[PDB]
Amino acid sequence: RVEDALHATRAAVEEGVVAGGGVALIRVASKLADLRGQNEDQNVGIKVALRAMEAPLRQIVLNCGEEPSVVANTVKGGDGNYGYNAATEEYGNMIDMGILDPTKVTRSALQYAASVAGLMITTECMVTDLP
Amino acid sequence: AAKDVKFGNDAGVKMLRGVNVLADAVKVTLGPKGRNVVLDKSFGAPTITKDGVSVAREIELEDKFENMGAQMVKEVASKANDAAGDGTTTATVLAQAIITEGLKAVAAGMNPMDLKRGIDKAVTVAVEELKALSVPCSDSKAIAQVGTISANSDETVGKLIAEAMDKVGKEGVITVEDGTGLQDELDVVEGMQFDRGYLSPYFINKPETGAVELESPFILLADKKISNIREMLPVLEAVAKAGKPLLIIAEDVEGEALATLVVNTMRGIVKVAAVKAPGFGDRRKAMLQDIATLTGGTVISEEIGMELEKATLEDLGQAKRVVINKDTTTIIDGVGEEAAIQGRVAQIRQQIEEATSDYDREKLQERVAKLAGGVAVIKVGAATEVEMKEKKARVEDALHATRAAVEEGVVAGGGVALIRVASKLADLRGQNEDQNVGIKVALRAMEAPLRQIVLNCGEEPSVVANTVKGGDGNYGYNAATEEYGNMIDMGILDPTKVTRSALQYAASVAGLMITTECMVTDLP
Amino acid sequence: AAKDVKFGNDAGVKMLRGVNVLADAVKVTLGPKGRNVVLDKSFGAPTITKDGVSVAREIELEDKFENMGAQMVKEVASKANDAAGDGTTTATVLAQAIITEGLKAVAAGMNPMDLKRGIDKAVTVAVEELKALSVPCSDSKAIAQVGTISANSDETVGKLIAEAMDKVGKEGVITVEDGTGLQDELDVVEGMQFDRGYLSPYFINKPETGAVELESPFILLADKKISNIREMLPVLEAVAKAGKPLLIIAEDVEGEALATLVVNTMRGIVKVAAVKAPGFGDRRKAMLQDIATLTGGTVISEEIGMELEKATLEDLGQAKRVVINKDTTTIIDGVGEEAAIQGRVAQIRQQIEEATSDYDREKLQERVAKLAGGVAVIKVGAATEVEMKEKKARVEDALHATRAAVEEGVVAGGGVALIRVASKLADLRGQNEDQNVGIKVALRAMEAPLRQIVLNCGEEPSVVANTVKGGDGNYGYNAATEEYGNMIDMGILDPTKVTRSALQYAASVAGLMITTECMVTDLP
Amino acid sequence: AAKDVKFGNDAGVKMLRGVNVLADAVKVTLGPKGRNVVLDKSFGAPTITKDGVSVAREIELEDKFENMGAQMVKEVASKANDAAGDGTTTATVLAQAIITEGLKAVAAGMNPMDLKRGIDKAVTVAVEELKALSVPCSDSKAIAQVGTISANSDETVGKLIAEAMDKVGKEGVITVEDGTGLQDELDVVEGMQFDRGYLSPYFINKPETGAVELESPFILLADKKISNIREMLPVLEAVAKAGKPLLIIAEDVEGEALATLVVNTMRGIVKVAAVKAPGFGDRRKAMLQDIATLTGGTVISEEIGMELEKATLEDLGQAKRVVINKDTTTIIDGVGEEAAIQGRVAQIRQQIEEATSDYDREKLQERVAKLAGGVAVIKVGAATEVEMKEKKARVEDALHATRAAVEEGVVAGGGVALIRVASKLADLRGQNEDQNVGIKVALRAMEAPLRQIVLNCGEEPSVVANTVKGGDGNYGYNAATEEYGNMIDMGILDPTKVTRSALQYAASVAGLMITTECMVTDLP
């Protein structure tokens with residue numbers, strides 16, 4: 395427990411702490427609704443990313459046996475660290491309720507995800523051995 | 002022949018696959034963002050259609066058990082359209098959802114009888130709630146409004162209905178016909194409607210209404226059962242000689258002579274149709290005479306010793322038009338003299354004076370209402386034949402919707418009334434825990450129509466359901482404009498009678514299907 | 002290697018087949034009218050058994066997913082027998098029951114987490130009820146009674162247990178050995194027990210107890226981790242030269258030298274076993290020295306600069322017998338001298354005088370308890386070798402049961418306690434409706450053992466269940482006599498600890514299994 | 002490995018098909034008109050036999066479940082032959098018959114536990130009846146008679162047994178060896194028999210008796226458990242140097258050194274065999290010393306601090322012959338001196354003077370009986386080698402039969418005693434109706450041997466059974482002459498012990514098999 399807590403706190407002193415349970419990802423996506431790119435395909439690129447950023451909360455809420463698109467919709471409509479606490483199944487301020495991730499982990503998850511996704515979307519050819 | 006017999010869950014899963022193919026085909030059409038279904042023809046180009054009733058009619062499945070599931074739901078859902086002028090697709094959607102969760106509850110070991118009691122309790126209570134959500138449609142301004150809304154915002158059509166209903170009563174009989182110029186016309190003529198349909202689906206010469214429609218027909222009134230065709234010939238020939246078609250109203254037309262008429266109008270030899278005389282026993286003999294007076298006909302009854310063979314054209318009544326349904330016959334413009342009809346009315350109005358029983362009185366009051374009520378004929382005018390025929394269909398639709406709406410009022414459309422009443426029954430409970438899940442099955446099914454409409458919009462059904470539920474009264478989602486609001490002001494509504502019927506009929510087959518243990522059919 | 006992955010219901014149905022083969026095989030044995038299972042051998046004639054533990058151990062299934070279900074249940078059920086000395090088959094029957102209805106409710110769409118919370122709540126409450134139903138077993142008369150009940154009505158075996166427990170305390174350490182004549186003997190000896198098992202299942206030279214049993218063994222005490230076998234050789238040879246076996250008590254014996262001992266006792270080159278030294282940090286160093294004094298050995302610690310290479314036979318402790326479990330080591334008759342042991346006790350009894358903390362005090366009192374407590378040895382006598390060996394088994398069983406009984410009492414047997422506590426919780430609820438069915442799943446599973454027992458009798462299980470539930474207290478069905486009565490008076494009882502553990506462990510895997518969404522295993 | 006698992010009737014039909022292949026193969030040989038069975042060899046020409054024990058020994062079945070059936074009946078039936086010297090095929094017939102009707106009753110929904118109780122009660126009562134029908138065989142004239150009947154009417158063989166028994170007691174130890182000329186010889190030699198068999202089937206150097214037979218062997222007596230082979234070498238080499246074989250009598254010979262001896266006599270490096278010392282505890286230490294005195298050996302016990310390493314040839318006892326069974330060891334002609342042996346006897350006869358308990362007394366009287374009893378050696382003479390070897394086999398049979406006959410008497414042979422006691426039990430009942438069919442199954446099964454015997458004669462078995470059951474007493478059918486008669490007069494009889502054992506053993510496997518619900522074995 396100490397070993398885990400130590401790693402988490404190390405990470406938290408570096409880049410801080412943000413709303414957990416999926417909430418910080420969906421919050422930042424809800425603020426980027428007017429983001430645009432050099433052209434139309436770039437725009438749908440941006441919508442792809444923004445919508446993917448909802449998947450973690452939608453999964454969490456689906457494990458709860460709750461309706462994921464209602465909870466997403468309610469969390470998106472709120473401001474700041476407002477979100478859904480899946481432990482207690484109640485909405486509230488995520489930081490007061492003590493449900494948080496170190497910013498470094500949310501950022502890294504996002505960047506690495508987008509990196510393979512990007513590679514994979516821009517793959518034309520695959521080589522492997524004949525079974 | 003040798004049968005294939007199935008039991009319990011095996012029979013359950015087959016009925017459920019059957020119902021899924023039916024309902025999934027039909028529900029794609031539902032709501033203002035409904036999709037097309039393509040239906041093949043051997044006749045030429047396939048047909049593209051948003052009409053769920055059309056879709057339904059084509060659905061037949063290869064697996065015999067699956068196909069039984071489909072036909073059961075088809076048969077019962079079409080009873081809604083018959084009762085209310087509309088609702089068959091909604092019934093089909095409701096049925097799919099009650100059946101899907103009920104069979105799940107069966108498989109989980111809950112008691113099918115209790116499940117069914119639960120569903121039925123919920124439906125009873127929901128039906129009282131619709132009654133209470135209903136906004137009445139019963140003055141001339143409301144009638145015009147509802148008629149214009151069903152006629153796609155045509156204030157003219159609404160006008161026409163209201164004028165008809167004013168000329169002959171809200172409950173009065175009203176037909177629609179081709180117009181004669183640009184102008185619409187309305188006039189009231191001698192006529193009558195009774196609750197008896199065609200004796201076989203084959204007399205239907207108008208498949209798009211699924212009706213039988215005859216022009217200047219002779220009418221044979223015969224108080225007796227018609228088995229033999231021997232009795233017919235002398236009259237049947239004399240009718241073919243005048244080149245006019247013929248309506249048979251008899252006690253019954255059975256097996257033999259029935260199949261003959263069916264085949265002999267089929268070849269176009271004579272245009273005939275046959276319906277049961279209305280009522281039973283004594284009230285039947287009397288009602289035949291009513292129609293006789295109306296149409297200047299003579300009743301041929303064997304108690305006076307008359308035979309069908311010794312019957313000429315003279316004996317036959319006549320009318321400018323008759324129209325028959327699955328379960329209705331309406332006689333428009335009867336040749337019968339005004340004096341003869343007036344007399345028959347005065348006569349009956351006089352038996353009303355000496356009826357010594359409540360029941361005798363009502364039965365007589367019903368007969369006078371028919372004979373002395375007449376029929377309003379709306380003739381629809383336009384600038385071209387094409388526009389005329391389209392306005393006629395618009396009027397015909399608006400008429401049925403408005404009829405329903407004066408009976409039981411009007412309620413929030415687009416799926417909203419059903420989800421509204423469900424949100425009010427969250428605390429309903431029954432005799433035991435299985436009954437309670439029955440209730441939940443029904444309540445959740447009641448959301449299926451809105452969820453499908455919102456799904457055809459490409460929106461998130463469970464978010465819209467959730468927002469509509471949390472609101473009050475007629476608040477809902479307008480799928481035409483994709484905005485929330487008061488459904489009645491935005492003019493999106495159903496006649497309560499159609500929402501009530503869709504629910505009751507869907508609950509009826511769902512209940513029967515949930516409580517089925519065995520299915521029997523032929524070996525392929 | 003490539004995997005085969007399964008999700009939801011598909012995973013569900015596979016674990017349920019797995020569990021049903023396991024449970025069905027094992028449950029035929031249950032109760033006085035239990036049936037035989039035949040288990041095949043390559044060794045010779047197949048074996049015919051009523052021992053459900055034996056049947057379980059053989060069960061392995063061809064489909065990899067089914068087999069995973071079976072192994073999961075085996076693993077957890079056998080924790081009951083470990084904790085309480087009995088219970089494994091009951092756990093299996095409970096698990097089959099919770100799982101079967103839990104997965105049904107999952108397939109019906111209920112929330113798995115909620116189902117589990119419900120099951121857990123019903124278990125928590127039922128265990129409180131078990132505790133309240135329980136009758137203490139804590140005086141000499143009661144001890145004898147329970148002992149003689151577990152030993153098949155043999156008043157002698159009861160006596161023996163009670164005499165042992167009187168000589169050394171209810172919580173004291175007692176073993177059983179072969180006798181020397183007709184007479185039973187009991188004596189108290191220098192010895193000790195600590196909570197450390199064998200380091201690999203392979204040292205087990207007595208598979209029927211699943212124990213390691215060594216005669217006149219040398220004991221190597223080494224305060225340090227043993228990775229290398231290089232350090233061993235000089236001692237290992239000197240031990241093989243005296244022809245006696247060897248116990249290794251060290252901080253740890255890891256990877257390398259561990260695997261070597263495993264293979265080198267496997268070939269019968271030397272009989273070795275290794276166990277972890279007891280406790281951690283400082284209390285470990287001191288306890289190693291306790292064992293040393295007990296056995297007349299010397300501790301080899303590298304903080305004093307001693308190596309395992311420069312270690313002779315002289316350094317090694319000795320004892321007449323040692324016995325090791327999955328999670329126990331017990332040292333019987335240590336060569337250590339009575340003066341040296343008495344001195345160590347007085348020493349510790351003195352640190353007790355100057356402990357300035359509760360904790361340091363309890364920790365010392367526990368060491369003196371072990372060293373100064375000895376071990377009671379029951380040696381079982383009889384008339385022939387055959388009768389002796391059977392009485393020894395009877396005594397061994399009775400001793401485990403009676404140990405469990407002094408801990409937590411006794412409750413109605415033959416399945417009755419379980420059904421009894423279930424019939425008291427009919428009003429129990431949870432935070433919502435799925436939790437409630439969770440509760441109902443557990444409560445109905447609690448009838449399984451009695452229904453099975455009655456089914457082996459060839460009587461109607463639902464009528465016996467129904468009658469037992471209707472009664473109060475320890476009223477129940479005696480399957481031996483097929484009569485109803487007070488189960489405690491009829492002398493049909495289990496130790497509370499076994500009933501409790503069966504239920505807790507069955508509800509554990511059932512909970513895990515009902516909340517599993519994915520399974521992964523290798524492609525056939 | 003993955004298992005294949007079977008339940009209820011599936012398991013039943015498999016066990017039945019297995020028992021049928023076994024029983025049908027073996028039963029063709031039954032009685033004087035028994036048929037030949039041909040058994041194939043890779044070795045050369047197949048063998049043609051009428052010995053049902055040899056047939057049985059070959060039967061193994063392809064389907065694993067079937068084969069489990071066959072082996073379970075083989076194992077138990079061969080305990081008869083062990084206990085009584087004969088009966089194995091009879092037991093196979095009985096088992097087939099109880100099995101066949103019992104499974105039929107299980108399949109009919111009768112209660113397997115109650116069927117077993119009925120079978121068991123019938124057999125207990127039938128055994129009392131066998132005992133009452135039984136004729137004692139306990140004076141010299143009767144002993145001759147029984148032995149000459151078992152020896153195929155050879156009055157000589159009869160004489161020889163009687164003479165031996167007279168010289169050494171009815172219960173005394175008697176062996177048979179090759180003769181030295183024409184004359185038979187009988188002499189008494191120092192020697193002993195105790196109840197311990199070989200430690201592995203592999204030491205058997207004489208497979209036709211299934212015995213181990215050693216000539217002029219050295220005997221190692223070691224009071225301790227022999228795990229290591231290290232302790233052995235110094236002695237084992239010194240034994241190989243004299244070229245004589247070796248008997249190990251130790252507390253036990255376990256895993257390691259056991260498997261070594263097994264492989265090292267297998268290669269013919271040294272002829273060794275190992276058996277458990279007799280008895281347990283103190284009576285064991287003493288008895289080892291008895292054997293020591295008999296054979297002029299020294300006991301090597303580690304309580305006196307002696308090691309097996311420091312043991313020479315001097316320490317080893319010697320004898321002219323030893324013979325070991327599945328459950329017997331007999332030492333013939335011990336080198337031990339007459340004075341040393343006489344002194345040990347007088348010593349023990351003196352402990353008999355001061356024994357203060359019944360039990361101590363019997364235990365000592367049993368040891369003197371053994372030591373002071375010797376062994377009778379029958380050496381069989383004839384005119385040619387061939388005739389000698391056949392007479393030896395005849396004497397060997399007759400001896401086992403006559404031994405069994407003095408223990409429990411003699412009863413009507415050829416299937417008659419069993420069918421006789423069955424006709425007397427026609428009114429036997431049980432606690433309920435399933436138990437009663439249990440009784441009937443056992444009673445009808447008791448007919449199967451006589452039915453089989455008559456069937457091999459080519460007569461109608463049911464006509465013979467019916468006539469035999471209508472008579473009284475030892476009235477029955479003689480299958481040698483094919484006439485009815487008094488079985489006792491006609492000299493057709495079996496020792497009561499074999500008829501009793503065949504019944505009891507057949508009923509035992511049949512009962513287990515009838516009450517089996519599950520079978521586990523490996524996937525083919």
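Chains as they are written, first to last, in the entry's author numbering: chain D, 395 to 525; chain E, 2 to 525; chain C, 2 to 525; chain B, 2 to 525. Yeah, the Cβ is synthetic: ideal placement off N, Cα and C, and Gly gets one too.
What span of residues does the alpha helix (DSSP H) with residue i cover, start to end?
i: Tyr-360 of chain B; result: 359-374
i: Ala-406 of chain E; result: 386-409
i: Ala-258 of chain C; result: 256-267
Helix, strand or coil: which one does DSSP assign to residue i?
i: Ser-151 of chain B; result: helix
i: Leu-524 of chain D; result: coil
i: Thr-517 of chain D; result: coil
i: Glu-178 of chain E; result: strand
i: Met-233 of chain C; result: coil
i: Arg-452 of chain B; result: helix
i: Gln-194 of chain E; result: strand
i: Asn-326 of chain E; result: coil
i: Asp-490 of chain C; result: coil
Kindly indicate which residue of the options has the alpha-carbon position closest to the one of residue i.
i: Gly-53 of chain B; options: B:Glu-304, B:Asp-87, B:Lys-42 and B:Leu-17; result: B:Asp-87
i: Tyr-476 of chain B; options: B:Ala-449, B:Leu-183, B:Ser-424 and B:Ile-60; result: B:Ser-424
i: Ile-454 of chain C; options: C:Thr-91, C:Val-169, C:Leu-426 and C:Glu-257; result: C:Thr-91
i: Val-271 of chain E; options: E:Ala-145, E:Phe-219, E:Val-128 and E:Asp-25; result: E:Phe-219
i: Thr-296 of chain C; options: C:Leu-524, C:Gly-280, C:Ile-349 and C:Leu-221; result: C:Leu-221
i: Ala-133 of chain E; options: E:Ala-78, E:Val-412, E:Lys-51 and E:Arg-350; result: E:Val-412
i: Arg-58 of chain C; options: B:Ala-3, B:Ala-24, B:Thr-403 and B:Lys-441; result: B:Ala-3
Give the range of the beta strand (DSSP E) segment to which residue i is assigned.
i: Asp-473 of chain C; result: Where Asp-473 of chain C is concerned, there is no enclosing beta strand (DSSP E), given that its DSSP letter is neither H nor E.
i: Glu-216 of chain B; result: 213-216
i: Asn-487 of chain D; result: 484-487
Give me the Cα-Cα distance between residue i and residue j, rounded to the nearest whole angstrom.
i: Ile-333 of chain C; j: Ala-341 of chain C; result: 17 Å
i: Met-389 of chain B; j: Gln-184 of chain B; result: 10 Å
i: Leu-248 of chain B; j: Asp-283 of chain B; result: 22 Å
i: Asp-179 of chain C; j: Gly-474 of chain B; result: 50 Å
How close, in whole Å, do the beta carbons of residue i and residue j come, if the pair is a contact with beta carbons under 8 Å?
i: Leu-426 of chain E; j: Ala-127 of chain E; result: 7 Å
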